[PDB]
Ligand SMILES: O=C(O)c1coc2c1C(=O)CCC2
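Below sits a lone chain in structure tokens, taken as the form solved without the ligand.
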């Protein structure tokens, strides 16, 4: 006798388990056990992943319900699981989304300058360099302080909540609440700080005093700041880090992108497609009995949408494990999700990675791992897959 198949399969972000292709072929929706002991349906084909994400009866909001089967413990208050809905209900969605594009004057220049400064510091210090802690994550942090309009010097302390805030734990995490409450207090203070006039927090600070938002809560305004900083920094820093591994492990592609940087957007789209950054399937709770492939999912059951299941599905992306810069369907991957909860930061995330890679290839055309790939230490019980350090030479 064996136990019910457990998720997640592996914390390694440099290879897809061959179990994924076997599930997808044999049982593209199948029962699994999560770290909490709950049962869930793991969905691993492109067709069924899309079906689930495009049907809101598979609800994000309802995953926060008391007594539901859980992927992991909440690290935020339950109402905050519905953060985007709350933003939309407050009339703030258009303005929030506008503030977090890469489009503001000087933003791309700021990203390039920041990337180049970080790289110059690494070059001065000499190999080996840690491209996570000393490149990708500081670039993400700097970007999000700029996008939010908050002081650069405040970035590190906000950042240091993230190794706990984005845990994927069986149980509630006391430190997550300590840091959440502190970070909310910080953002509340930002909203009252007259120096903060630019970026997302500058905009929210004005809207907060406008009559059309007089009944929007102070708590929601502060929550937007904490949630968008955290989601954006963890997602961009982690994606860029693991994308850099994928790139470095493909010297021929590294060389091609170096030689023809106009190909970097197409390269980043493929790096998004093959990314293993999300450590768990995206969770949804069924609000009705719904047929998904061969399974009738019952009301109240948990469904996990495995992004690499979809993105490595050969029925949608032939030769799925290969980076091919001339695919006919390049942006149709699920790296940013799909449907109601599609990532509002997608354009910014693309730009962060494109500029980071452009800068790195120009400054370090010979970039290579400085340790055997198996020596990377993969963070466990976390909502992202990332190496603790990424040692490189050039």
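Residue numbers count along the first chain shown, from 1.
Just so it is clear, the following notes concern the form deposited with the ligand bound, a form of the same protein that is not shown.
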Any of the heavy atoms of residue 75 lying within 4.5 Å of the ligand in the bound PDB entry?
yes
Hey, in the bound PDB entry, is residue 180 touching the ligand, heavy atoms inside 4.5 Å?
yes
Is there a non-hydrogen atom of residue 95 within 4.5 angstroms of a non-hydrogen atom of the ligand in the bound PDB entry?
no
4.5 Å heavy atom contact, residue 166 and the ligand in the bound PDB entry
yes
Heavy atoms, 4.5 Å, the ligand in the bound PDB entry: which of 102-110, 315-323, 75-83, 116-124 makes the cut? Say which one.
75-83
Stretch 360-393 - residues with a heavy atom within 4.5 Å of the ligand in the bound PDB entry:
383
